[PDB]
Structure formats: C-alpha cells, structure tokens
Amino acid sequence: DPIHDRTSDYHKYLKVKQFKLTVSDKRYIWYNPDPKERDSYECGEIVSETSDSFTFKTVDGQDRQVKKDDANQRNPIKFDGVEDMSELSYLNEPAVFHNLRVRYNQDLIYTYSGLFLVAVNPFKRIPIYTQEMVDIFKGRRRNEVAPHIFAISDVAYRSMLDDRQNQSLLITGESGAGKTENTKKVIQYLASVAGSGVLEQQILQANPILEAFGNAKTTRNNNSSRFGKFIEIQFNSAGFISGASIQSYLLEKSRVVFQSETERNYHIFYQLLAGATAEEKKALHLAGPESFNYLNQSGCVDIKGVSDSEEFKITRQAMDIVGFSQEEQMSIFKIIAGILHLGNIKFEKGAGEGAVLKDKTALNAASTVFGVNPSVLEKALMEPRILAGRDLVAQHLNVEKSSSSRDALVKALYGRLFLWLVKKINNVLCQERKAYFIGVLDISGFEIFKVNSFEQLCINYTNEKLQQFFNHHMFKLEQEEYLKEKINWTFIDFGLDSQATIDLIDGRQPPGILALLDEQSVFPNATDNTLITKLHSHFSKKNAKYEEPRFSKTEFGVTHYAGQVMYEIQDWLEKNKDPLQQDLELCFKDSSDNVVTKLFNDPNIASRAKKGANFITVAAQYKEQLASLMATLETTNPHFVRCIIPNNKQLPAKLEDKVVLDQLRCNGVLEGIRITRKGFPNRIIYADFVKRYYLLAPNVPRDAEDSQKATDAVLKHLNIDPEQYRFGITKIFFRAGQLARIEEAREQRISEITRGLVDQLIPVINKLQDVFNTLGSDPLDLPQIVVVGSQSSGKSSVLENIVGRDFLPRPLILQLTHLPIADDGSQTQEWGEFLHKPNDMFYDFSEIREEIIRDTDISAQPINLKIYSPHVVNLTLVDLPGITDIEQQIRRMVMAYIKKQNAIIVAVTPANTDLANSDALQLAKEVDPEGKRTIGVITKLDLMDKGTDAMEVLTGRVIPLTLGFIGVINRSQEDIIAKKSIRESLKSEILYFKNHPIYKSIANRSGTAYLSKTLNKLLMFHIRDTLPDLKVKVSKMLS
Ligand SMILES: Nc1ncnc2c1ncn2[C@@H]1O[C@H](COP(=O)(O)OP(=O)(O)O)[C@@H](O)[C@H]1O
Ligand SMILES: OC[C@H]1O[C@@H](O)[C@H](O)[C@@H](O)[C@@H]1O
Ligand SMILES: [Mg+2]
C-alpha cells in the first residue's frame, strides 16, 4: 500500500517531508517592515499584549506595536505545510501565502482551502500523474489522501453515483495559471476510473484536435487557449463513461489575421507547414511560414521545446481516432492552406479609386485548394454586389475595404471551420441519452488589459456570472448548515452584490450595454461615436457601476467584481454584426469541396439565427450561450479549482510575493474564507471540542458521556461571551475569532503545565496530577509513591505522624508542601486545601477529617488533599484503602496502582505480626519481583513481645529490598484519649529509638523524621529519573 509506505513515490512527491513548541510560550506575527510594501512580510515575535493591541520585535531589531484587529498572527510552525488550510487558527493573507510557499518549495502544488482546491503552476514536470497515481486515489476520500486534482475528481465522481446528481468542476485562473493542464487531468482520471476502450480513446483524443486549432503561443502562455470550453463527460446509470460533448466559447478569430510581436498564430498553421508530406505540400501549394503574411509579422514562427512537425503527426493521429475520414482531413488542411493563401493576396490602387489585383498567384492557390472559381472570388472581394432597391449594383471597393473584406472572409472561414470540428467531435462522442454527467469548465478568468474591447466585455461579463454563481453557492451551503444544525442566523444573499454589474451589461429594462449596442447596431447611420454617446447618455452619473472618463472620448468604465475596466468602443458595431459580403457567401456555397460547402450551408454553422429566426447580433448570441451554460451549471453540484501562476516569467521554483498575493485577492480564495466571517464560520462536533479543550476546565473528562454539557462547562469556566457562540444539534458554533482565542488558551495552558518538566519537581508532578488524575485514572503514568497496608497496619497513623497532626477518619492523594520560615522570622500557620473546594482554606484540621468523611459518603475517584505546613517536608503520597464484595474492588484498585513501574510502593506492616505470610509485601513482591521499587515500613515495634526483636528485617535480611526498611512507633489508644498529640509523641519516638538496647545503633535511620526525609528523597530522584520518559508521554497525549 503506497499510501503508508514512506519509500513510495506517493510520499516522495505528494507528502510533506517529516515538545519544543509545547513548553514554549512564544507567539509570532506577520508584518511588513515597509508599510508601502504590503506584499513583503517578515516574522516578528510577540513580547507583550494589552487590552486590544500587540507588541512585537521586528527582525530589524525594534519593538513595534499594532492593533489586534489589523494583526496578522502566524500559525504554529507545526502547521507549516498542512494539506488543508481550512484548519488554521489564522487565515490572514500572509498566513495563507506562507503555507502555500512552504508546500510549493517542496514541489507540492496542490493545497485545499475549504471548498476550494488551489493549484500553483510548477512550470516543471512533477511525476504525480502516472497511472499508479491514478490508482492510488481511486475510491479514496479527501481526508484519506493528499491534495490532488485526481482527489477532487474522485469526490465529484463518487458524489455523482451516491447522490445521483450531475457535477461540475470549474477550473479558473489567470492566463497560464494551469487551467487546461488540470482540465486534462480530470478527464484523464475520469476516463480511467470509469473506463483501452474505443470511446475512451476518442474522448481523450478530442482535446488534441481542438488545441491545434484553438490554442496559440501568447506572451503569457506557449499553449494559450484562445477559446473557452465546457466539456461534459457522460455516464450511464452504472457509472461507466458513455460519451462526451463539447461547447466552445469566444474563439479569438482576429488572431488568424493579426498577432502582436513574439506571439504566434494558431498552432495548426505551423503544424501544417512543418508536418505535411511532400505530396500534401504540393497539392496545397505550401511553403515556409516566412512566406505567408499571416505568419511572418510577429517575429516568431516556433516555440522552444515544441516540434510543430511532431505535433502535426499527433493531430493527424487524433483526427483518425476520432473518425474524420481521409478526405475530410484533406479538406480541413485545404481550408487552412487556403486561408494562408488569402492572406498573401495583395490589393493595389487601380487607375481609379477601386482596387485591383495584379498578381493572381495567391488568389489562384487559394481558389484551387478551396474549390471555388478564382474569377468569381476576385470579383466578390473587390466588387461585391449590393442591393439597390430591386437591382444588384457592383460596389467597387478601394484597397483598405477590399483587404478588410478578405480578412472577414478569413475569420469567417476559420470560425466556421472550428465550429465544424466541434460539431463533428460531438457527433461521434455525444449521446442524446445519458443518465448523468460531470462537466468541466475551462475558461479564462477576468481580463483587465490596458486596452479592452468587446471580446473583453464578453469574457468579463462571463466571469461576473461565474463569480455570482460561486458566491451564491457558498451562501446556500452556509444556509443549509445553519438550518440543519438549528443555528439562527440569516445572511443577505452573497450573490446579490453582482446583480448590479450584470444588469448594467445584459439588462433589458432598463436597457444595458448589450441592448444599447444591439439597438445601435441596427440603427441607420450609427457610428462608434453615436454608440459611446448613447452609453454615456444612459449611464453617466446614473449608474454607480458606470463611469464616463475625464478625457478619453472613446472609452467607458465598468466596475467589475475584480475591479474597474475601461473599454474602447472602436469597431464594436462591426464586431456585433460580423458582416461578410453576400457575394462571398455565394462564391463559397458553389465550392466543389464537401466541407467548405458545409461551412456555408449548415445553418447551425453558417449563421447565428437558426432557420426561421430573425436577425441575431453577436452579443445577443453570446448572452444566450452564456445563459444556457449557467442553467446547465445550476443543475449540478459545483466543485471549484483555483489555479495560480507563480510568476510572470514562466519559471519553476520562483514564487513571487506580489504576483501570488494579487491572485489570492481576486481569485476569491481569500473571499471563500471571509464571506461567512459575519456569522459562525467555525463549528465543531461536541465530542471533538471536548476531546481537545477538556484540559481548560476542572472535572471534565476528555471523553465525557454528555459532550454538549461538557462543552458548555468549558466555555463557562473560560467565561466566554455567550453571544460569541451557539449550540447546534451536533456541533458548537463560534463567531469569527472566538475559536482561535480558545486555542490560544489551550496553547498557554499546555506551556504552563509542561515547562516545569525542564529543585521543585514535586510541584510540577502535583500539577499534572491535579489536571489528569482526578477521575481516578493515571494516563501519564505519573511517578508517585503509593502506600499499601492492612486496615490494622496503622498506616494512617504513619501519615498523620508525617503530617504531624491528626486529620484522618477512596484513594487519598496527599500533597504536602513545606513552608519556609516567615520573612520576618515568624512561623506561618499551617492549613489544608481540597481540590474539590477551590476557594476554601481549612485552618482547623478537625474540619479536614470531617470534609473527608463528607465527600466520601469504595470509589476510584481520589480525594485531593493539600497541606501547607512549616512542620512538613515536600512530599506527595497516595494512600489506598487497606486490605468479599468490597475486598475485591480494593485489591483490584491497589493492584491497578502498584502495577505501574513508575510507582514506588510503601509497604506498611505491624511489627507484632511476624514477617512470613505478610500482606502488603506479598502484593508488593507480586508486582515488584526483584524488590527494586518497594520500601517497607515497620510500625508498632514497641508492641512486639518480651524478647521479640526486629533488627533482622530492619537491617534488611529477613527479606532484602533495594530501598530497605524503616522502623517507627505510633501513639497508643490511651495517648489519643489523653492530651498527648502528634509531633509530641515524636519526641518520644526519638528517645525510644535513641535509648533502645538494639535499635540505638540504627536510631539515625528510624523514626518519622527519617522516614519523611527518605520519601522526599526517593520521590525527588524518582521524578528526575522518570522525567525523560514522562516528556514523551505528555507530548503524545497532547497531540
Ligand atoms: N500541473 C502542471 N504540471 C506541469 N506543467 C504545468 C502544470 N500546470 C501548468 N503547467 C505549465 O504551464 C503551461 C501553461 O498551463 P495552461 O494549463 O496551459 O494554463 P491556462 O490554461 O490557465 O492558460 C503549461 O502548458 C505547462 O508548461
Ligand atoms: O435579460 C434577461 C436575462 O437574460 C439572460 O440571458 C441573462 O443571463 C440574465 O442575466 C438576464 O437577466
Ligand atoms: Mg488554457
């Protein structure tokens, strides 16, 4: 399984490479050392914070302060390279960019951002698109695998099948950002998982055909799409590919006759001249690109790394696969060559005003490959006949007009040829009946150049609709979640903000730009000036999205979603009408070539108005085509892929701050995470919230049964403002920022209780004990001292002796803290504290005995008693019930305690009860065979017998132990009856051992004083010894 194998290409090319921050409490923030350079950011460490402001040290070396509102906090370095950025506490611009940068530098181009898939063009080849890679993502769910265009393709596929609903993938981005490469990957994936099959190959081979005729090298992309497309992959009810259909939009026909410096014409022109066979060159009258006007003006005829001859063979192969016949293929090449020959026709000024054609070479070459009459073609170009009432009069045209008519014929032939290719492909691939489909939209994003004409308005208008579509989708998803979870919050439709710009463009009443253009396009003597004049007359200072420039008399502004765009009105009338002399239509309708003739006869191709319809302008046609695409998209469940270009030099490993950030700002990527920042952007299933923040509140099990009640407990203890959150049916909902503040509390808390893990070790362990061992569990295997003895062993007296005062009547965690002599030199009064009584102080030890009895009315939940006294040593002990229905759980509890090797066992045993067949030591040796962590305490020594001595065990012989034995004596029953108090009877204990015939030799290693000192010592060093392992355990359970 490659997904788990680290030594697999999957982990190498799709997975990110590979306690310090745990104890650390450092905070960092993104800032720009130069306020005027918003795109350049640096990391600064936070040093202090007030009510609503931060203070940090800049790398330059200088404290700086910023408001908490404008602060761009940085996420913990642990999250650098996350697969899905939606799980970040901070999603500010610099933070987003940073995670993308981290991934990009590791050659990870794919990153998730909620319902957004981000892909940053690598401008390099990364082996993550092989079949094996396809197989790896098959079936896999998003969370189950790393980010990849294949993963989102699978999700859409699974959704189609599971919900029986059509899907769509919208791949958007700037020119060269990677839309088409990713579009091909989706198809590659779908053909594989739902598929080397005839139909499959045909679908796969259709793209190569359209790219040859619709792509070209521009200054921003060597393989630029000069048309947009919507590919529908069809499936049968069983989920197998059954067909495909293609729609093309806004083909850049003007490129056929003109290309700006360094750019090329459509690939097919160069492919034909370089890949045609010798026989084809002759039949077509071909020559090198330099001999053709339409190819020798840009200064570029080839692309580095690209072989046009090789690509030609590929295109021819693709046409064979899709099914174009040999003759159809030849006719397509004749059209391409004919267009080239038309471009070489040179019109000259005749004796008069009319143009003439002196050389007939180009005209004839064209006429021969087109299968039309040269004489008729020549007259149709320079002397088209126009209707003068009821007679046709030959209008002899000058040079400029003849040349323009030639170009119009060229564009019309290319445009029609392209539509014909698409229609032919659809005839072979499209099936009238299909159960479902997955549509992929590959079209240009907003276009804002210095010069913007009609084409740009169409594409911008398109993107206004697509952005509106996305916002509205987000709206619906949000509305659906709040409804399902029972969260009362209503948003204003996100898409309503695009309506104004859209109406200004395609509105009927009031009439928008297109309507006014159409009207003006059919107006008698209308000109580009009367047009601009009319637009200003309708929207200047009357529509907030429109702007009449201050000086320019040929432009107008439109405020688009992505910013204002200035449009030049020049040629708009001609563009909207796309005229072609009727005599040219007639000339080609009489062609001897089958395909040429279809380009002028097929109504669905030869014109915009279908058989029986009225006049249709280009604008009206495009508005109808766009509404049809939107209606289709609105019948699907949409998936969005955001492509980002790393720089403007088409170079690998060179992510530029300004270039990327600019896109993240208009791509909507930063919008798709700030659109709902007004409601409750964050929500977490209760059990998950509790599992993570239980640590911030007392008495809250990481796995409480009632997750919702626990969640409520945490928020209350943290004193969170009730308005900042809402309780859903399955999730807790938070206002923007609130969850991030709770996460920061968790981080600070973690640091507060783990930093000590690096003397006063006893207290540090005491803290962890109060935080994790209250419910009676020891998940961290805390190093502790456990006291074990019989109900009559008199162990409780031992504890009261160590405490130096009576206070004893569940496990009992006794945490003693020594109090130093007062600063003035006085003796501080001793008192106690219970963990379940947060604000109480027990100065009366009698009340402590009572509280123990109260809270107790056998259980595994320990009572946590803390005692602060200047008469005790620093020490922590865990007293367990002494050793039937009840005597079954007790032994169970004890065992569960001494079982751990991180525990030291204090076995208390009466001296007046032999040594063999003990009790505590028995259970002790059971879990501690080598007796390396057991210390025996011998009590009631003064209660043995006449000549009964115990020096044998005290010196460690009857039963050896690494830690040894310690003897002691306690108060008698009549002593308790009298005034005789503890730490008074201790004075006696010392004299007993000091003046004892045999024990006097070991007097210094006996008694309560010595026992307490020893336990403190054993605990200090045991904690120190266990410290390393405990750090590992703590790090784990906290992640
Ligand atoms: N994921 C990718 N892997 C390799 N090269 C890529 C990738 N995405 C883009 N490219 C490179 O970028 C060029 C332009 O990408 P393209 O998809 O054609 O952009 P767009 O369609 O958005 O105009 C490609 O032809 C290729 O050289
Ligand atoms: O003009 C009526 C409608 O026509 C459709 O084609 C457009 O997409 C809508 O935006 C418009 O409101
Ligand atoms: Mg493209």
# chains A, B, ... in the order shown; residues from 1 in each chain; ligands from 1
>>> residues_around(residues="stretch 661-663 of chain A", least_positions_apart="4", cutoff="10 Å", atoms="only C-alpha atoms", output="JSON, numbers by chain")
{"A": [38, 39, 40, 93, 94, 96, 97, 173, 174, 642, 643, 644, 645, 646, 656, 657, 667, 668, 669, 670]}
>>> residues_around(residues="stretch 122-132 of chain A", least_positions_apart="4", cutoff="7 Å", atoms="only C-alpha atoms", output="list in words")
residues 13, 109, 136, 650, 651 and 652 of chain A
>>> residues_near_ligand(ligand="ligand 2", cutoff="9 Å", atoms="only C-alpha atoms and all ligand atoms", output="ChimeraX atom specification")
/A:465,499,502-503,505-509,511,515,620,622-628,630-631
>>> residues_near_ligand(ligand="ligand 3", cutoff="7 Å", atoms="only C-alpha atoms and all ligand atoms", output="number ranges by chain")
A: 176, 178-180, 224-225, 442
>>> select_by_dssp(residues="stretch 292-400 of chain A", states="helix (DSSP H, G or I)", output="JSON, numbers by chain")
{"A": [308, 309, 310, 311, 312, 313, 314, 315, 316, 317, 318, 319, 320, 321, 322, 326, 327, 328, 329, 330, 331, 332, 333, 334, 335, 336, 337, 338, 339, 340, 341, 342, 343, 361, 362, 363, 364, 365, 366, 367, 368, 369, 370, 374, 375, 376, 377, 378, 379, 380, 381, 382, 399, 400]}
>>> atom_distance(atom1="atom CA of residue A:145", atom2="atom CA of residue A:112")
11.7 Å
>>> atom_distance(atom1="atom CA of residue A:330", atom2="atom CA of residue A:184")
27.6 Å
>>> atom_distance(atom1="atom CA of residue A:694", atom2="atom CA of residue A:714")
6.7 Å
>>> select_by_dssp(residues="stretch 895-1036 of chain A", states="strand (DSSP E)", output="count of residues only")
17
>>> residues_around(residues="residue A:133", least_positions_apart="5", cutoff="10 Å", atoms="only C-alpha atoms", output="ChimeraX atom specification")
/A:2,9-10,14,127-128,138,148,150,189
>>> residues_around(residues="residue A:559", least_positions_apart="3", cutoff="10 Å", atoms="only C-alpha atoms", output="ChimeraX atom specification")
/A:500-501,504,544-547,562-566
>>> residues_around(residues="residue A:856", least_positions_apart="4", cutoff="12 Å", atoms="only C-alpha atoms", output="CSV table (one decimal) with N, CA, C and O atoms, in the first residue's frame")
chain,number,residue,atom,x,y,z
A,809,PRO,N,-9.9,10.1,59.2
A,809,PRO,CA,-11.1,9.4,59.9
A,809,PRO,C,-10.7,8.3,60.9
A,809,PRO,O,-9.6,7.8,60.7
A,810,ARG,N,-12.0,5.6,49.3
A,810,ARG,CA,-11.4,6.3,48.1
A,810,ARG,C,-9.9,6.5,48.3
A,810,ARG,O,-9.4,6.7,49.4
A,811,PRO,N,-9.2,6.6,47.2
A,811,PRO,CA,-7.7,6.8,47.3
A,811,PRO,C,-7.5,8.3,47.8
A,811,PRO,O,-8.4,9.1,47.5
A,812,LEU,N,-6.4,8.5,48.5
A,812,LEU,CA,-6.2,9.8,49.1
A,812,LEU,C,-4.8,10.4,48.6
A,812,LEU,O,-3.8,9.9,49.0
A,836,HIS,N,-11.5,19.7,45.4
A,836,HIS,CA,-12.9,19.9,45.0
A,836,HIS,C,-13.5,21.1,45.8
A,836,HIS,O,-14.7,21.3,45.7
A,849,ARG,N,-10.9,16.3,58.7
A,849,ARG,CA,-11.3,14.9,58.9
A,849,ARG,C,-12.8,14.8,58.6
A,849,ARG,O,-13.2,13.8,58.0
A,850,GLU,N,-13.5,15.9,58.9
A,850,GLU,CA,-14.9,15.9,58.6
A,850,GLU,C,-15.2,16.0,57.1
A,850,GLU,O,-16.0,15.3,56.5
A,851,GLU,N,-14.5,16.9,56.4
A,851,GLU,CA,-14.6,17.0,54.9
A,851,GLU,C,-14.3,15.7,54.2
A,851,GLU,O,-15.0,15.4,53.2
A,852,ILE,N,-13.4,15.0,54.7
A,852,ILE,CA,-13.0,13.7,54.1
A,852,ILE,C,-14.2,12.8,54.2
A,852,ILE,O,-14.6,12.2,53.2
A,860,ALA,N,-12.9,4.8,43.0
A,860,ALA,CA,-11.6,5.0,42.3
A,860,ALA,C,-11.3,6.5,42.2
A,860,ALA,O,-10.2,6.8,41.9
A,861,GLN,N,-12.3,7.4,42.4
A,861,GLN,CA,-12.1,8.8,42.3
A,861,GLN,C,-11.4,9.3,43.6
A,861,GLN,O,-11.9,9.3,44.7
A,862,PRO,N,-10.1,9.7,43.5
A,862,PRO,CA,-9.3,10.2,44.6
A,862,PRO,C,-9.7,11.5,45.2
A,862,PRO,O,-10.2,12.4,44.5
A,863,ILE,N,-9.5,11.6,46.5
A,863,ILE,CA,-9.8,12.9,47.1
A,863,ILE,C,-8.4,13.6,47.2
A,863,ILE,O,-7.4,13.0,47.6
A,864,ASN,N,-8.3,14.8,46.7
A,864,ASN,CA,-7.1,15.5,46.6
A,864,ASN,C,-6.9,16.5,47.8
A,864,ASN,O,-7.3,17.7,47.7
>>> closest_residue(among="A:113, A:219, A:889, A:364", to="ligand 1", atoms="only C-alpha atoms and all ligand atoms")
A:219
>>> residues_around(residues="residue A:781", least_positions_apart="2", cutoff="10 Å", atoms="only C-alpha atoms", output="ChimeraX atom specification")
/A:769,773,777-779,783-784,897,900-903,1026,1029-1030,1033-1034
>>> write_last_selection(atoms="C-alpha atoms", output="PDB file, in the first residue's frame")
ATOM      1  CA  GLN A 769      -1.807  15.098  38.911  1.00  0.00           C
ATOM      2  CA  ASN A 773      -5.679  12.090  37.762  1.00  0.00           C
ATOM      3  CA  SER A 777      -7.008   7.444  36.104  1.00  0.00           C
ATOM      4  CA  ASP A 778      -3.265   7.798  35.532  1.00  0.00           C
ATOM      5  CA  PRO A 779      -2.896   8.197  31.729  1.00  0.00           C
ATOM      6  CA  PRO A 783       5.955   8.897  39.084  1.00  0.00           C
ATOM      7  CA  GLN A 784       4.403   8.529  42.532  1.00  0.00           C
ATOM      8  CA  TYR A 897      -1.872   1.269  41.329  1.00  0.00           C
ATOM      9  CA  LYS A 900       2.843   0.647  37.224  1.00  0.00           C
ATOM     10  CA  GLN A 901       6.637   0.659  37.301  1.00  0.00           C
ATOM     11  CA  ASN A 902       6.616   4.451  37.675  1.00  0.00           C
ATOM     12  CA  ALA A 903       5.233   3.963  41.176  1.00  0.00           C
ATOM     13  CA  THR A1026      11.258   9.261  35.084  1.00  0.00           C
ATOM     14  CA  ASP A1029      10.010   9.195  29.556  1.00  0.00           C
ATOM     15  CA  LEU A1030       7.246  11.432  31.008  1.00  0.00           C
ATOM     16  CA  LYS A1033       4.151  10.586  27.192  1.00  0.00           C
ATOM     17  CA  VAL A1034       2.940  14.155  27.772  1.00  0.00           C
TER      18      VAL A1034
END
>>> closest_residue(among="A:415, A:671, A:556, A:583", to="residue A:606", atoms="only C-alpha atoms")
A:415
>>> closest_residue(among="A:763, A:825, A:352, A:371", to="residue A:331", atoms="only C-alpha atoms")
A:371
>>> closest_residue(among="A:477, A:641, A:466, A:522", to="ligand 1", atoms="only C-alpha atoms and all ligand atoms")
A:641
>>> residues_around(residues="stretch 946-957 of chain A", least_positions_apart="5", cutoff="10 Å", atoms="only C-alpha atoms", output="PyMOL selection string")
chain A and resi 911-912+914-915+936-938+941+962-967+998-999+1002+1005-1006
>>> write_last_selection(atoms="N, CA and C atoms", output="compact mmCIF listing (two decimals), in the first residue's frame")
# COMPACT_ATOMS: atom_id res chain seq x y z
N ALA A 911 4.80 -4.62 63.44
CA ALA A 911 5.91 -5.42 63.93
C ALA A 911 5.41 -6.61 64.74
N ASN A 912 4.17 -6.51 65.22
CA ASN A 912 3.57 -7.57 66.01
C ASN A 912 2.75 -8.52 65.15
N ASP A 914 4.62 -11.13 62.84
CA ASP A 914 5.68 -11.86 62.15
C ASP A 914 6.16 -11.15 60.89
N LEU A 915 6.74 -11.92 59.97
CA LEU A 915 7.25 -11.37 58.73
C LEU A 915 6.76 -12.26 57.60
N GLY A 936 9.79 -1.00 52.73
CA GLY A 936 8.95 -1.46 53.82
C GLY A 936 8.97 -0.60 55.07
N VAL A 937 7.80 -0.32 55.62
CA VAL A 937 7.68 0.48 56.84
C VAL A 937 7.19 -0.42 57.97
N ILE A 938 8.01 -0.56 59.02
CA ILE A 938 7.67 -1.40 60.15
C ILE A 938 7.18 -0.58 61.33
N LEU A 941 6.64 -1.28 66.61
CA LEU A 941 7.82 -2.00 67.07
C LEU A 941 7.79 -2.18 68.58
N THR A 962 15.90 -3.24 47.72
CA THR A 962 16.83 -2.20 47.27
C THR A 962 16.71 -0.92 48.11
N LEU A 963 15.47 -0.51 48.39
CA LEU A 963 15.21 0.70 49.16
C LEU A 963 15.26 0.48 50.67
N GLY A 964 15.22 -0.78 51.09
CA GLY A 964 15.32 -1.12 52.51
C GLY A 964 14.08 -0.99 53.38
N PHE A 965 14.29 -0.97 54.69
CA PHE A 965 13.19 -0.84 55.65
C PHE A 965 13.42 0.33 56.61
N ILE A 966 12.33 0.79 57.22
CA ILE A 966 12.39 1.88 58.19
C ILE A 966 11.39 1.58 59.30
N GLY A 967 11.88 1.55 60.53
CA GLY A 967 11.00 1.27 61.65
C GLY A 967 10.46 2.52 62.31
N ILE A 998 18.94 -2.32 71.25
CA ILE A 998 19.44 -2.80 69.97
C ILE A 998 19.30 -1.80 68.83
N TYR A 999 18.14 -1.16 68.76
CA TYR A 999 17.85 -0.19 67.71
C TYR A 999 18.69 1.08 67.76
N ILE A 1002 20.86 1.96 64.93
CA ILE A 1002 20.25 2.43 63.69
C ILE A 1002 19.21 3.51 64.00
N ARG A 1005 18.50 6.06 61.44
CA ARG A 1005 17.78 5.67 60.23
C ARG A 1005 16.43 5.07 60.60
N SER A 1006 15.79 5.67 61.60
CA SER A 1006 14.49 5.22 62.07
C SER A 1006 13.66 6.44 62.45
>>> closest_residue(among="A:450, A:141, A:267, A:837", to="residue A:311", atoms="only C-alpha atoms")
A:267
